[PDB]
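Here we start with a single chain on its own, the form deposited in one PDB entry, put down as structure tokens.
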């Protein structure tokens, strides 16, 4: 019935849908929340070719904008499962089922948790995974950022608009983030570093976080230090539970595709951050999405 259903409306899904609709495929784009995916939790995007700098939610709106006009059908849906029935596929949401000739899975990735004491308990007051979301709650505080990659260092730099100070704690003595972002963090006077350390416990009173206990990974020295907020950026997990049984994921749960965005299962493609891959950016999300759309066309034509 649908030619293609794209699940996920971040940049990978929104590029795919734009392309399948321009190929006049009957296109369903399901999104559980707000179009734009991780871009909505991004403050300042500087490396999307074609924009000098643009706030994550404004790029989201710009990418969502032509889709209605192109005839993509945009629907709310949280997908819980997919069944392959040979020459068609069934997609299960909370309340609905959809039938489609092909599927492009574009559901992205989610923050990994530390799994340390106080992490859940301080969920609402003190622990955050999203700085653009939560940052202004920590104006004038001592903020801790955990992680050494692009998200930790970038979101730390953003957070210096709010905090008295922002400390980045990394489990080695070299960051993983892009050098230009590393150099900005080194030079920013409001950013401090705790190198070679991992958080062990998040502590507080009944209401809120007050301190973090951490350990140095080369000496095992333990330190406890006061902070008002902790933002955790220790990497990603795939958002692909609705396909755990289909045999298209690796041991870590990322969806495996070839260079044409094809899984095992014909007519089921995956794009963007949910794929098994090393470089997760808006540019390669967009490129994956265009490549999946072109291959889904081919697959549906052939059917």
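Numbering follows the first chain given and starts at 1.
### Task
Using the B-factors recorded in the PDB entry, average over the C-alpha atoms of 187-195 and of 115-123, then report which stretch comes out higher.
Result: 115-123.
### Task
Using the B-factors recorded in the PDB entry, average over the C-alpha atoms of 229-237 and of 207-215, then report which stretch comes out higher.
That would be 207-215.
### Message
Per the entry's Cα B factor values, which of 47, 264, 27, 60 stands out as the maximum?
### Response
Within the set 47, 264, 27, 60, 264 shows the top C-alpha B-factor.
#### Entry: Top Cα B factor in the deposited entry, candidates 104, 99, 166, 146
Answer, based on the entry's C-alpha B-factors: 99.
### Task
Using the B-factor values recorded in the entry, state whether the Cα atom of residue 272 falls in the lowest, middle or highest third among the modelled residues of its chain.
As the PDB entry reports it, the C-alpha B-factor of residue 272 lands in the lowest third of its chain.
### Query
residue 108's Cα B-factor: lowest, middle or highest third of the chain?
Answer is lowest: the recorded C-alpha B-factor places it there.
### Task
Sort the modelled residues of this chain by their C-alpha B factor and say whether residue 180 lands in the lowest, middle or highest third.
It belongs to the lowest third of the chain when residues are ordered by C-alpha B-factor.
### Message
Is residue 67 in the lowest, middle or highest third of its chain when residues are ranked by C-alpha B-factor?
### Response
Answer is middle: the recorded C-alpha B-factor places it there.
### Message
Using the temperature factors of the C-alpha atoms in this entry, rank residue 173 within its chain: lowest, middle or highest third.
### Response
Lowest third of the chain for residue 173's C-alpha B-factor.
Missing here is the form deposited in another entry; even so, the following discussion is about that form.
### Query
Looking at the motion between this form and the one not shown, would you put residue 87 and residue 19 in the same rigid part?
Yes, both residues sit in one rigid part.
### Query
residue 209 and residue 40: do their C-alpha atoms lie closer or farther in the other entry than in the form you see, with a change of 3 Å or more?
Closer, not farther.
### Task
Report the direction of the Cα distance change between residue 166 and residue 42 in the other entry, compared with the displayed form, as closer or farther; the change is 3 Å or more.
More distant in the other entry, by 3 Å or more.
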